[PDB]
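**Q** TSV, C-alpha atoms, saved as final_19.tsv, coming up:
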```tsv
chain	number	residue	atom	x	y	z
A	1	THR	CA	-7.20	-7.25	17.68
A	2	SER	CA	-9.90	-9.83	16.97
A	3	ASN	CA	-11.09	-13.47	17.08
A	4	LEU	CA	-13.37	-12.63	14.12
A	5	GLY	CA	-11.19	-14.71	11.88
A	6	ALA	CA	-11.69	-17.70	14.18
A	7	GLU	CA	-14.73	-18.46	12.05
A	8	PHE	CA	-12.36	-19.79	9.39
A	9	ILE	CA	-9.05	-19.99	11.23
A	10	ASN	CA	-10.44	-22.61	13.63
A	11	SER	CA	-10.70	-24.99	10.64
A	12	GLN	CA	-7.27	-26.03	11.94
A	13	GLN	CA	-6.25	-27.03	8.40
A	14	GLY	CA	-2.55	-27.04	9.19
A	15	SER	CA	-1.05	-24.83	11.86
A	16	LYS	CA	-0.08	-22.32	9.19
A	17	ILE	CA	-3.19	-20.62	7.88
A	18	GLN	CA	-3.54	-21.06	4.12
A	19	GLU	CA	-4.78	-18.75	1.42
A	20	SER	CA	-8.53	-19.34	1.04
A	21	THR	CA	-9.13	-19.47	4.75
A	22	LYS	CA	-7.36	-16.15	5.01
A	23	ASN	CA	-9.48	-14.67	2.24
A	24	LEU	CA	-12.62	-15.75	4.05
A	25	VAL	CA	-11.29	-14.00	7.10
A	26	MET	CA	-10.55	-10.93	5.03
A	27	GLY	CA	-14.05	-11.00	3.64
A	28	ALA	CA	-15.54	-11.20	7.11
A	29	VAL	CA	-13.31	-8.41	8.32
A	30	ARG	CA	-14.53	-6.17	5.50
A	31	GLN	CA	-18.11	-7.10	6.39
A	32	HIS	CA	-17.52	-5.90	9.96
A	33	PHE	CA	-15.59	-2.69	9.30
A	34	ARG	CA	-15.89	-0.05	6.67
A	35	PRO	CA	-13.39	-1.27	4.02
A	36	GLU	CA	-11.97	2.21	3.95
A	37	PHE	CA	-11.29	1.99	7.68
A	38	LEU	CA	-9.46	-1.21	7.00
A	39	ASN	CA	-7.56	0.34	4.09
A	40	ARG	CA	-5.89	2.72	6.56
A	41	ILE	CA	-4.47	-0.23	8.49
A	42	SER	CA	-0.85	-0.85	7.46
A	43	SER	CA	-1.55	-4.58	7.41
A	44	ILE	CA	-3.99	-7.21	8.55
A	45	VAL	CA	-2.17	-10.04	10.23
A	46	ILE	CA	-3.43	-13.57	10.66
A	47	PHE	CA	-2.03	-15.70	13.44
A	48	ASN	CA	-1.38	-19.41	13.18
A	49	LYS	CA	-2.47	-22.27	15.36
A	50	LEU	CA	-0.03	-22.13	18.17
A	51	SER	CA	2.03	-25.21	17.28
A	52	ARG	CA	2.79	-27.83	19.83
A	53	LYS	CA	6.47	-27.52	18.97
A	54	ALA	CA	6.20	-23.93	20.20
A	55	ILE	CA	4.11	-24.69	23.20
A	56	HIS	CA	6.68	-27.28	24.26
A	57	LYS	CA	9.09	-24.34	24.79
A	58	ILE	CA	6.52	-21.72	25.91
A	59	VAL	CA	5.66	-23.62	28.97
A	60	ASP	CA	9.22	-23.44	30.20
A	61	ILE	CA	9.12	-19.72	29.85
A	62	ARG	CA	5.86	-19.54	31.64
A	63	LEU	CA	6.86	-21.88	34.41
A	64	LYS	CA	10.03	-19.96	35.03
A	65	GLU	CA	8.14	-16.65	35.21
A	66	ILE	CA	5.33	-18.11	37.25
A	67	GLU	CA	7.73	-19.17	39.91
A	68	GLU	CA	9.88	-16.08	39.82
A	69	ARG	CA	6.95	-13.77	40.26
A	70	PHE	CA	5.78	-15.46	43.48
A	71	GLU	CA	7.38	-12.95	45.82
A	72	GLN	CA	10.59	-14.48	47.17
A	73	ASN	CA	11.99	-17.96	46.64
A	74	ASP	CA	11.21	-19.06	50.21
A	75	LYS	CA	9.17	-21.86	48.66
A	76	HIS	CA	8.78	-22.28	44.89
A	77	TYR	CA	10.06	-25.34	43.09
A	78	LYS	CA	13.49	-26.49	42.06
A	79	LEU	CA	11.35	-26.69	38.92
A	80	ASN	CA	12.88	-29.80	37.45
B	1	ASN	CA	-18.45	23.46	-19.39
B	2	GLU	CA	-14.99	24.88	-19.81
B	3	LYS	CA	-13.90	24.03	-16.29
B	4	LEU	CA	-15.18	20.55	-16.91
B	5	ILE	CA	-13.56	20.21	-20.34
B	6	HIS	CA	-10.16	21.25	-19.22
B	7	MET	CA	-10.47	18.73	-16.41
B	8	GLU	CA	-11.84	16.04	-18.81
B	9	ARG	CA	-8.66	16.35	-20.81
B	10	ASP	CA	-6.61	15.79	-17.64
B	11	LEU	CA	-8.92	12.91	-16.74
B	12	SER	CA	-8.38	11.27	-20.11
B	13	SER	CA	-4.63	11.64	-19.68
B	14	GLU	CA	-4.49	10.41	-16.04
B	15	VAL	CA	-6.66	7.30	-16.47
B	16	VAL	CA	-5.06	4.47	-18.42
B	17	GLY	CA	-7.29	3.73	-21.35
B	18	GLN	CA	-11.00	3.96	-20.50
B	19	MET	CA	-11.18	7.03	-22.71
B	20	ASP	CA	-14.44	5.76	-24.11
B	21	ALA	CA	-15.77	5.56	-20.57
B	22	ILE	CA	-14.55	9.04	-19.82
B	23	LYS	CA	-16.21	10.49	-22.85
B	24	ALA	CA	-19.54	8.81	-21.99
B	25	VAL	CA	-19.43	10.38	-18.55
B	26	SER	CA	-18.22	13.71	-19.82
B	27	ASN	CA	-21.09	13.99	-22.23
B	28	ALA	CA	-23.70	13.39	-19.56
B	29	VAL	CA	-22.03	15.68	-17.09
B	30	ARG	CA	-21.91	18.49	-19.62
B	31	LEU	CA	-25.62	17.97	-20.37
B	32	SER	CA	-26.29	18.28	-16.68
B	33	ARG	CA	-23.97	21.27	-16.09
B	34	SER	CA	-25.76	23.19	-18.82
B	35	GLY	CA	-29.09	22.78	-17.07
B	36	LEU	CA	-30.51	21.05	-20.15
B	37	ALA	CA	-30.92	17.76	-18.29
B	38	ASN	CA	-33.91	18.02	-15.99
B	39	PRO	CA	-32.40	19.52	-12.72
B	40	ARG	CA	-34.36	17.03	-10.59
B	41	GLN	CA	-32.09	14.24	-11.77
B	42	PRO	CA	-28.49	13.78	-10.51
B	43	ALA	CA	-26.22	12.39	-13.16
B	44	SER	CA	-25.73	8.68	-12.83
B	45	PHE	CA	-23.69	6.01	-14.51
B	46	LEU	CA	-23.18	2.30	-14.65
B	47	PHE	CA	-19.48	1.45	-14.79
B	48	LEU	CA	-19.23	-1.90	-16.48
B	49	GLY	CA	-15.85	-3.68	-16.77
B	50	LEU	CA	-13.36	-5.92	-14.95
B	51	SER	CA	-12.79	-5.91	-11.25
B	52	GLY	CA	-9.43	-4.25	-10.77
B	53	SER	CA	-10.06	-2.17	-13.96
B	54	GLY	CA	-9.83	1.23	-12.35
B	55	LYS	CA	-13.59	1.90	-12.54
B	56	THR	CA	-13.45	3.13	-8.94
B	57	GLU	CA	-10.54	5.37	-9.75
B	58	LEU	CA	-12.36	6.78	-12.71
B	59	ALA	CA	-15.14	7.75	-10.41
B	60	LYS	CA	-12.63	9.11	-7.89
B	61	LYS	CA	-10.97	11.15	-10.55
B	62	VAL	CA	-14.34	12.47	-11.57
B	63	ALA	CA	-14.75	13.53	-7.94
B	64	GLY	CA	-11.15	14.79	-8.17
B	65	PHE	CA	-12.18	17.01	-10.99
B	66	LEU	CA	-15.83	17.89	-10.98
B	67	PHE	CA	-15.85	18.42	-7.22
B	68	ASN	CA	-12.11	19.07	-7.08
B	69	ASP	CA	-11.48	16.31	-4.51
B	70	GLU	CA	-10.97	12.56	-4.97
B	71	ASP	CA	-11.47	11.97	-1.24
B	72	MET	CA	-15.03	13.25	-1.27
B	73	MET	CA	-15.97	9.88	-2.76
B	74	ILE	CA	-18.80	8.12	-0.96
B	75	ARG	CA	-18.85	4.32	-1.34
B	76	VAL	CA	-21.35	1.46	-0.99
B	77	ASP	CA	-20.58	-2.24	-0.65
B	78	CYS	CA	-23.45	-3.80	-2.51
B	79	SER	CA	-22.36	-7.39	-2.14
B	80	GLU	CA	-22.63	-7.41	1.64
```
Please lay out the structure from this file as structure tokens.

**A**
Amino acid sequence: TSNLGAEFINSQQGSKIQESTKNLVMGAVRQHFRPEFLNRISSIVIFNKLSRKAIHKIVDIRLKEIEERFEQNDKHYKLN
Amino acid sequence: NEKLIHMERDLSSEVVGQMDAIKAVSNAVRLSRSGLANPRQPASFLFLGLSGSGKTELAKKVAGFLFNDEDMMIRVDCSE
């Protein structure tokens, strides 16, 4: 895993990372690791800006789990 | 020379086109294998063409033949 690509990914030019930005990331990755090392990786994957439309759902997941993991529901919220 | 020549013929057949390149290399390698080239000097070549042209593979095939192993190839990124 790596935030190496952040150097270009953090341009935030759309949540979906575009070709160009990704090639700059690729370049930088090859600068950091022997390209042959990298050529044994099945694929290099570039993650997108986590979209607000996603986050708007993620927080429900998190809030549910946050509460459920607090031992027993002797307190917690109704979580409305 | 004969081990090389039999392999040069396979090299010419395996590489798409680039026969002229193969022959240039073959000639120099034979000169060197014979001991006629001054032994102090390793053979060396400048592979001039298109990126994506197979120049690397030619060299790998040369390794694949002259040293009987394509994976013995040692590589240098000169742009970084």

**Q** What are the residues of chain B lining chain A at 12 Å or less? Count all atoms listed in the file, and put the answer as a VMD selection string.

**A** chain B and resid 71 73 to 80

**Q** With all atoms listed in the file as the counted atoms, please give the residues lying no more than 12 Å from range 2-5 of chain B, apart from itself and same-chain residues fewer than 2 positions off, as a list in words.

**A**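 Counting all atoms listed in the file, the residues come to residues 7, 8, 9, 10, 11, 12, 22, 23, 25, 26, 27, 28, 29, 30, 31, 32, 33, 34, 62, 63, 64, 65, 66, 67 and 68 of chain B.
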
**Q** Using only C-alpha atoms, find the one residue out of B:69, B:21, B:61, B:37 that sits nearest to residue 49 in chain B.

**A**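 Between B:69, B:21, B:61, B:37, the residue approaching residue 49 in chain B most closely is B:21.
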
**Q** What is the CA of residue 65 in chain A-CA of residue 49 in chain A distance in Å, reported with one decimal?

**A**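 Between CA of residue 65 in chain A and CA of residue 49 in chain A the gap works out to 23.2 Å.
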
**Q** Neighbours of residue 47 in chain A within 12 Å (all atoms listed in the file; same-chain residues fewer than 2 positions away dropped), as a list in words?

**A**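 Answer for this query is residues 1, 2, 3, 4, 5, 6, 8, 9, 10, 12, 15, 16, 17, 18, 21, 22, 25, 44, 45, 49, 50 and 51 of chain A.
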
**Q** Pull C-alpha atoms from the residues just selected and write them as a PDB file, keeping the file's coordinate frame.

**A**
```
ATOM      1  CA  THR A   1      -7.200  -7.250  17.680  1.00  0.00           C
ATOM      2  CA  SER A   2      -9.900  -9.830  16.970  1.00  0.00           C
ATOM      3  CA  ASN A   3     -11.090 -13.470  17.080  1.00  0.00           C
ATOM      4  CA  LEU A   4     -13.370 -12.630  14.120  1.00  0.00           C
ATOM      5  CA  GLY A   5     -11.190 -14.710  11.880  1.00  0.00           C
ATOM      6  CA  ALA A   6     -11.690 -17.700  14.180  1.00  0.00           C
ATOM      7  CA  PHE A   8     -12.360 -19.790   9.390  1.00  0.00           C
ATOM      8  CA  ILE A   9      -9.050 -19.990  11.230  1.00  0.00           C
ATOM      9  CA  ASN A  10     -10.440 -22.610  13.630  1.00  0.00           C
ATOM     10  CA  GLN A  12      -7.270 -26.030  11.940  1.00  0.00           C
ATOM     11  CA  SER A  15      -1.050 -24.830  11.860  1.00  0.00           C
ATOM     12  CA  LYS A  16      -0.080 -22.320   9.190  1.00  0.00           C
ATOM     13  CA  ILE A  17      -3.190 -20.620   7.880  1.00  0.00           C
ATOM     14  CA  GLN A  18      -3.540 -21.060   4.120  1.00  0.00           C
ATOM     15  CA  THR A  21      -9.130 -19.470   4.750  1.00  0.00           C
ATOM     16  CA  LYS A  22      -7.360 -16.150   5.010  1.00  0.00           C
ATOM     17  CA  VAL A  25     -11.290 -14.000   7.100  1.00  0.00           C
ATOM     18  CA  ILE A  44      -3.990  -7.210   8.550  1.00  0.00           C
ATOM     19  CA  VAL A  45      -2.170 -10.040  10.230  1.00  0.00           C
ATOM     20  CA  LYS A  49      -2.470 -22.270  15.360  1.00  0.00           C
ATOM     21  CA  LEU A  50      -0.030 -22.130  18.170  1.00  0.00           C
ATOM     22  CA  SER A  51       2.030 -25.210  17.280  1.00  0.00           C
TER      23      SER A  51
END
```

**Q** Counting all atoms listed in the file, which residue out of B:72, B:43, B:19, B:38 sits closest to residue 55 in chain B?

**A**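 Checking each of B:72, B:43, B:19, B:38 against residue 55 in chain B, counting all atoms listed in the file, the winner is B:19.
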
**Q** Measure the distance from CA of residue 43 in chain A to CA of residue 23 in chain A in Å and round it to one decimal.

**A**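 CA of residue 23 in chain A lies 13.8 Å from CA of residue 43 in chain A.
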
**Q** Would you mind telling me which residue in A:48, A:37, A:29, A:62 lies nearest to residue 14 in chain A when using all atoms listed in the file?

**A**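 Result for the nearest residue to residue 14 in chain A: A:48.
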
**Q** Could you please give me, as a PyMOL selection string, the residues of protein, DNA or RNA lying at most 12 Å from (-9.8, -0.1, -14.1) in the coordinate frame of the file, considering all atoms listed in the file?

**A** chain B and resi 14-19+21-22+47-61

**Q** Okay, now the selection with C-alpha atoms, as a PDB file, in the frame of the given file?

**A**
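Final output, saved to part_10.pdb:
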```pdb
ATOM      1  CA  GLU B  14      -4.490  10.410 -16.040  1.00  0.00           C
ATOM      2  CA  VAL B  15      -6.660   7.300 -16.470  1.00  0.00           C
ATOM      3  CA  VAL B  16      -5.060   4.470 -18.420  1.00  0.00           C
ATOM      4  CA  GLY B  17      -7.290   3.730 -21.350  1.00  0.00           C
ATOM      5  CA  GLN B  18     -11.000   3.960 -20.500  1.00  0.00           C
ATOM      6  CA  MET B  19     -11.180   7.030 -22.710  1.00  0.00           C
ATOM      7  CA  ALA B  21     -15.770   5.560 -20.570  1.00  0.00           C
ATOM      8  CA  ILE B  22     -14.550   9.040 -19.820  1.00  0.00           C
ATOM      9  CA  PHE B  47     -19.480   1.450 -14.790  1.00  0.00           C
ATOM     10  CA  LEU B  48     -19.230  -1.900 -16.480  1.00  0.00           C
ATOM     11  CA  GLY B  49     -15.850  -3.680 -16.770  1.00  0.00           C
ATOM     12  CA  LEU B  50     -13.360  -5.920 -14.950  1.00  0.00           C
ATOM     13  CA  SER B  51     -12.790  -5.910 -11.250  1.00  0.00           C
ATOM     14  CA  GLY B  52      -9.430  -4.250 -10.770  1.00  0.00           C
ATOM     15  CA  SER B  53     -10.060  -2.170 -13.960  1.00  0.00           C
ATOM     16  CA  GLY B  54      -9.830   1.230 -12.350  1.00  0.00           C
ATOM     17  CA  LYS B  55     -13.590   1.900 -12.540  1.00  0.00           C
ATOM     18  CA  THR B  56     -13.450   3.130  -8.940  1.00  0.00           C
ATOM     19  CA  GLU B  57     -10.540   5.370  -9.750  1.00  0.00           C
ATOM     20  CA  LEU B  58     -12.360   6.780 -12.710  1.00  0.00           C
ATOM     21  CA  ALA B  59     -15.140   7.750 -10.410  1.00  0.00           C
ATOM     22  CA  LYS B  60     -12.630   9.110  -7.890  1.00  0.00           C
ATOM     23  CA  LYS B  61     -10.970  11.150 -10.550  1.00  0.00           C
TER      24      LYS B  61
END
```

**Q** Which residues, written as a list in words, have at least one atom at most 12 Å from range 74-79 of chain A, with all atoms listed in the file counted and residues fewer than 3 positions away on the same chain left out?

**A** residues 59, 60, 61, 62, 63, 64, 65, 66, 67, 68, 69, 70 and 71 of chain A

**Q** Could you model N, CA, C and O atoms for range 20-32 of chain A and present them as a compact mmCIF listing (two decimals), keeping the file's coordinate frame?

**A**
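Saved file rebuild_34.txt follows:
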```
# COMPACT_ATOMS: atom_id res chain seq x y z
N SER A 20 -7.16 -18.86 1.21
CA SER A 20 -8.53 -19.34 1.04
C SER A 20 -9.17 -19.02 2.37
O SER A 20 -9.95 -18.08 2.48
N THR A 21 -8.71 -19.71 3.39
CA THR A 21 -9.13 -19.47 4.75
C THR A 21 -8.88 -18.02 5.06
O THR A 21 -9.78 -17.31 5.52
N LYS A 22 -7.68 -17.54 4.74
CA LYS A 22 -7.36 -16.15 5.01
C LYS A 22 -8.24 -15.19 4.23
O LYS A 22 -8.53 -14.09 4.70
N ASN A 23 -8.66 -15.57 3.03
CA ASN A 23 -9.48 -14.67 2.24
C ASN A 23 -10.87 -14.61 2.83
O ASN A 23 -11.53 -13.57 2.80
N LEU A 24 -11.32 -15.72 3.41
CA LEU A 24 -12.62 -15.75 4.05
C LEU A 24 -12.59 -14.84 5.26
O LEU A 24 -13.53 -14.09 5.50
N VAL A 25 -11.45 -14.86 5.96
CA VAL A 25 -11.29 -14.00 7.10
C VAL A 25 -11.34 -12.57 6.63
O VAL A 25 -12.10 -11.77 7.17
N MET A 26 -10.59 -12.26 5.59
CA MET A 26 -10.55 -10.93 5.03
C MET A 26 -11.94 -10.46 4.66
O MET A 26 -12.32 -9.32 4.98
N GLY A 27 -12.70 -11.33 4.02
CA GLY A 27 -14.05 -11.00 3.64
C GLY A 27 -14.82 -10.60 4.88
O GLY A 27 -15.39 -9.50 4.95
N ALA A 28 -14.82 -11.47 5.88
CA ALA A 28 -15.54 -11.20 7.11
C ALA A 28 -15.06 -9.92 7.77
O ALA A 28 -15.85 -9.16 8.33
N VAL A 29 -13.77 -9.63 7.71
CA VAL A 29 -13.31 -8.41 8.32
C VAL A 29 -13.94 -7.22 7.59
O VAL A 29 -14.48 -6.32 8.22
N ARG A 30 -13.93 -7.26 6.26
CA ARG A 30 -14.53 -6.17 5.50
C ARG A 30 -16.03 -6.07 5.75
O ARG A 30 -16.60 -4.99 5.68
N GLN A 31 -16.69 -7.18 6.07
CA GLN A 31 -18.11 -7.10 6.39
C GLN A 31 -18.32 -6.32 7.69
O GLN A 31 -19.27 -5.56 7.83
N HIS A 32 -17.43 -6.54 8.65
CA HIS A 32 -17.52 -5.90 9.96
C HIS A 32 -17.08 -4.44 10.00
O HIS A 32 -17.65 -3.65 10.75
```
